[PDB]
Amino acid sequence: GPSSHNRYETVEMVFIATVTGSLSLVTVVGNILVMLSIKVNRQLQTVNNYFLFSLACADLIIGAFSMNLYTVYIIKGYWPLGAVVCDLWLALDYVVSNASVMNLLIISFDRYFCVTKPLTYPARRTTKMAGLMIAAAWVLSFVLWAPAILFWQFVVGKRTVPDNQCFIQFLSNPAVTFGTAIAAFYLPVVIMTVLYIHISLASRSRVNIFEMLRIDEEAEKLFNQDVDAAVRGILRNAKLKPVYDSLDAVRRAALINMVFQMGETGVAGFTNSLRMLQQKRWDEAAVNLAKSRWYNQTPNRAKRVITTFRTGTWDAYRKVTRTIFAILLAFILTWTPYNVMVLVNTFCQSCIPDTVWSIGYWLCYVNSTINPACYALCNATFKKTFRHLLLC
């Protein structure tokens, strides 16, 4: 009949339902796989993965409920579920998403403190503190968003949202929406950006050195100064330089340890041992280093340093950053357009049609779908665990 759906409507809605349904299923299955991977693998049960587990929970909630409800809204052309379900859905959406953002913040700060304070922070990095931070993120998200979405109509004394529509009445004013965007999206993005910059600039060739010196001996600033000073002394010394240049990272760090303990002049006295180190003859160098007063005065430390010279490993004493960077990149890329629309809406509401708004809003969801793929691509343990889970 003439009341039936026209061809364009049918094709459009079937396409939308197919694509969005597929993304929903992929999101749900993916995040379930991530959570299960964290649950079953003992090697994947670290604080970072507690955080990642939380994020996976958020992404699961988004993929299961948010996507489908929003697609109901899109396909129907209006809201057919009522004002109550509208409120519940909006609250769920914004609380869970905010919790995701704060989760990313916690992760970023955690990595930052891990690479910048490798002596004091890892000791205070318990699972209790992790759970405290996660709970804090979710609770704060709820306290910050749920009242604004649910109780604002009560404060005003009137719900201005039509029963056939669904939007946050609190965010009616473009200015308020933008300020909210600043507090919720822009500032965390900036902070995480700075943190990522400092993390990427932070060498992990020196992080092991601090632990080494910690073993052989808030005082991290002292180490930060003294290590640099030692390296400077090595580069200043005409005899220590060629040995330092012709040495691997671990063993050159051992040389740095020697300079740290005795000074550039004291280490420069080990002519035979240094020249032996140049030819990478670790055994001979060890035997010649056993003849020194240094080996007798501090026997244990000398044993550790010499053994370190022998094996070239930390036996006498990384992909996560990449994964997290991938997650952050997905977040930024997927959420940026909508918030840019929020920015434009402050002076020009007509420049952004409802279709573009809808595309952006939905685009923010895709992040939850991307994250498990980031786990499976930037990490091999998660991938192997996935493969082990699909057949078990």
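Sequential numbering from 1, following the sequence displayed.
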Per the entry, how many deposited residues between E217 and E218 lack coordinates? The answer is 4 to 9
Going from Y317 to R318, the deposited residues skipped in the model number 4 to 9
With B-factors read from the PDB entry, the higher C-alpha mean of 344-352 and 59-67 is in 344-352
Entry B factor averaged over C-alpha atoms, 109-117 against 231-239: higher for 231-239
Highest CA B factor of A373, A380, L23, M13, as deposited, is found at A380
From the entry's CA B-factor values, the highest among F210, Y73, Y94, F170 is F210
Chain-relative C-alpha B factor for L44 (record values, thirds): the highest
In terms of its chain's C-alpha B-factors, the third that includes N339 is the lowest
So, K221's CA B-factor, relative to its chain, sits in which third? The highest
Chain-relative C-alpha B factor for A136 (record values, thirds): the lowest
Here the Cα B-factor of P188, set against its chain, lands in the third termed lowest
